[PDB]
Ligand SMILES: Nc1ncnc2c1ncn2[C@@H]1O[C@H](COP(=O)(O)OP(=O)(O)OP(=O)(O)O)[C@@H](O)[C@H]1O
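Heads up, the chain below is alone and in the form solved without the ligand; it's given as structure tokens.
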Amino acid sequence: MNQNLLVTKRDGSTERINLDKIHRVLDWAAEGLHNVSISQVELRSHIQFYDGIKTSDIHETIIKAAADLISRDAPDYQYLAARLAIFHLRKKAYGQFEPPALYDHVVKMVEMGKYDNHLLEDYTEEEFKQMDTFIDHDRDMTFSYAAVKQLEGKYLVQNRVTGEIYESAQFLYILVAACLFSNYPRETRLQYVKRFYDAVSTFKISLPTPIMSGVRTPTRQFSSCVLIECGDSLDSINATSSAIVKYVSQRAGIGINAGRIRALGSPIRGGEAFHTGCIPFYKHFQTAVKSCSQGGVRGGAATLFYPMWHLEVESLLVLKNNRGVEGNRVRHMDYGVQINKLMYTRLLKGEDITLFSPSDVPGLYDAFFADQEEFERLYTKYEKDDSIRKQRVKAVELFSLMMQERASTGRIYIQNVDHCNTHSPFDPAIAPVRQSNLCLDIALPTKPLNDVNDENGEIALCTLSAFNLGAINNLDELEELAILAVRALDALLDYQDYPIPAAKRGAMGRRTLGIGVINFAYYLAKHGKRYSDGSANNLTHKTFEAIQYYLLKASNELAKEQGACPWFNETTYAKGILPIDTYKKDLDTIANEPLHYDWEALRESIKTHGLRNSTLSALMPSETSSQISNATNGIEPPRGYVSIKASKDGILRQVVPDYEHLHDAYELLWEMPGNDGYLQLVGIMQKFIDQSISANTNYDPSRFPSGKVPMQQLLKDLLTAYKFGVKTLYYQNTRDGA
């Protein structure tokens, strides 16, 4: 008759219940949302309250209650839940809802060793006072629950033992800004910090996880992926391996080119025993890749590339096929099969494909990537020469074998090596592109190492970022954003540390960046286009010309200011060649949109003052970044309207952006009748992209007689992709609802 319910506080222990405090907080969180029942939430959580429960559990419980009502039909629960979680997270880090002033926060964090001390060196208290005036902690209210789950899970600075969270998303953004523009002239430094801060807090520009979790802290390791090229020698094999180990110990995705390793049977090169072949070494790279992961299998990912005509290609192609002898399988690494014009022509004419160990055909490997003419000449030449060890395979058998394996595992990727060299930012004769990275979006020059510390080797890196096509109003907002993206990344290049000499060489030499988009799908839904009918062709053309033009304008602008990258002379850019001059011709047949930009003015501006960065665009996939922004992933159509994630904290649901008004506008992944629509769009994007795009092929067995995908369809799609100049092909998904 005074039946209370004692809440317990952070060692302040006992106290009565405050069900009106709670309601106030809920009420607040609900402000502006539509279709959310505060009572419903209260009922669901009050029922699990027990007499001496700590306050932190009252919050988790109201948070989960809200999260569990998220649905297609009631999507504002995602904000109600996030807002509660944000509120809780404030109290958890600061003891109040109101964040401490920035200077005080930074000072306390530097004493605690959670923020780099250089922050206080590079900026004055008055400078921090001013940044604080740019900050808007109410943007914390725009995150969706899944977004807060990710920030909380892997962005915000915290203690991973105790669980203690030390910061709010706005301090993350403001300090990422500050660190990246810390070396700017006092004259412009803070205007840049503010402009970027705004761009990232309002989700216009997304940034990779290592960057958002680390810049501001004492580390200097921000690598997401590297590209190493193995020479045909124990020294290189050793170096390659060494390099992989250092790089996976920093969580980087690895893309390895082991195409030149000579084939099984070849003669000993004075002490180097490659009699045994590629596989034993591949195994060795796999163990290197997995050296710093959980069981010896969990975590650490790589993709290994090799020419289609390699002598052991038929053994290589079935490396992840589970039914087979243990010794002849390297299952936990994806492969990237490298193909060019001549290979496909042999398929089309039903002729043979000749396998050869690279060791035995002088000049063939290089020609393969850099000069098709010459490749054709040496190829036919060596076919005829009977001194040369070789093997003949029916091109149809070889192609189907590879498509088959690509079909089953989903992880046998294609790389059109002529397309990456005839349509690239680089000169193939001096710095050809002979491999991709883990997710087949990166395409840069690499040189083999002779020792881990070899200064004449080159390792390519992933320096990434992305435009939210869902958060810009017109494409002319991309000029400001290109500036801010390019400048921040370029700064990062000098900010971070390089574990291997050859990886420093590549970054400082070519300053290569890979900026792409996210939210494509939602962008097309708001403009009433679809992926599979070809209705989005000109819009895509318009959107990717604007992205590329402004990126080049921003980089050109930057070279003016601070000088072109040291090896700018090895680019086609240097010679007055533009992406619009070398794209694959057939594109002309599927899109008429005219260039809206002065490419000729920029051509000269580029020839004259050069480019800060040798590459600027690359369309990578993005789960995390996309989630924080509540956006569809990179350029992929959504699988369905609500996507589910698991957690220790219950089921996380996230509804596609503006489902309310665009459910009929979206074209879900399995609603596309086939791949042509999408492959065209990828081809159009590739006109302007410097690097590559992680494109997927998707098949639904329901759509085929007897539930079997014809090898004909698989080859036709493959050839469709090559015909519209697609550089790479990534995942292949099979199924009809996920």
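In this text, residue numbers run from 1 along the sequence as written.
Absent from the display: the form deposited with the ligand bound. The rest refers to it.
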Checklist entry - Though the ligand is not shown, can you say which of 583, 123, 87, 544 has a heavy atom within 4.5 Å of it in the bound PDB entry? => result 87
Next on the checklist: Please tell me which of 268, 646, 112, 348 lies within 4.5 Å of the ligand in the bound PDB entry, judged by heavy atoms.
Outcome noted: 268
Item to check | Close approach of residue 28 to the ligand in the bound PDB entry, 4.5 Å, heavy atom | outcome: yes
Checklist entry - Taking heavy atoms and a 4.5 Å cut-off, does residue 180 contact the ligand in the bound PDB entry? => result no
Item to check | Non-hydrogen atom contact residue 36 with the ligand in the bound PDB entry at 4.5 angstroms | outcome: no
Item to check | Touches the ligand in the bound PDB entry: residue 275 (any heavy atom, 4.5 Å) | outcome: yes
Checklist entry - Pick from 702 to 710, 55 to 63, 685 to 693, 666 to 674: which stretch has a heavy atom within 4.5 Å of the ligand in the bound PDB entry? => result 55 to 63
Checklist entry - Does anything in 210 to 241 come within 4.5 Å of the ligand in the bound PDB entry by heavy atoms, and if so which residues, in order? => result 232, 233, 234, 237
